[PDB]
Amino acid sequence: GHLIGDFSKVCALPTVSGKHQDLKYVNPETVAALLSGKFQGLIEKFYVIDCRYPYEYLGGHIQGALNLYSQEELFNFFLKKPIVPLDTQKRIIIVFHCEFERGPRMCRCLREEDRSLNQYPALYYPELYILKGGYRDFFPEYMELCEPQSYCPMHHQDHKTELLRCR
């Protein structure tokens, strides 16, 4: 469990363990590394995809993260016009995340869609990662890398929540 979706390469990001064994999990440290330009010459483009609802996303997100929370939005961003690297020796990666159900199904969706458009084992996106513990585990460790520097938990019909922050 180290080769990318098209079996051509090995994973570029130091992967860790998680709930589903079919998915390739990552940790806050590596996302922090990616953001500071630690992988140039190896990874050309990278996308942090916040699958939460806009209100959660607007209440505090990883700097530069895109708020794609539906299948249609995700297909239109990534598959309508596939992103191709300028330097083919370098890679294009996607890191998905949620708060801490909806998040891994987006990863599965993109992959199922990518497979149906290609002749096996080719993919427009062979490298897909999930941030372990989501925003709830990244925010406390890398606040200065969050925008705004707050955390808006998911709203629950049954129990009240509210925006977490500090000074």
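The first residue of the sequence shown is number 1, and the count goes up from there.
Colleague: Does the entry skip any residues of the deposited sequence between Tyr55 and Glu56, and if so, is it 1 to 3, 4 to 9, or 10 or more, or none at all?
Modeller: Missing residues, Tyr55 to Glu56: none.
Colleague: Highest mean C-alpha temperature factor of the two stretches 36-44 and 103-111, which is it?
Modeller: According to the PDB entry, the answer is 36-44.
Colleague: Which is higher on average in the deposited entry, the C-alpha temperature factors of 16-24 or of 150-158?
Modeller: Per the PDB record, 16-24.
Colleague: Classify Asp50 as lowest, middle or highest third according to the C-alpha B-factor given in the PDB entry, relative to its own chain.
Modeller: Answer is lowest: the recorded C-alpha B-factor places it there.
Colleague: Among the modelled residues of this chain, does the Cα B factor of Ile92 put it in the lowest, middle or highest third?
Modeller: Middle third - that is where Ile92 ends up once the chain's C-alpha B-factors are sorted.
Colleague: Split into thirds by Cα B-factor across the chain's modelled residues, where does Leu86 land: lowest, middle or highest?
Modeller: According to the entry, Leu86 has a C-alpha B-factor in the chain's highest third.
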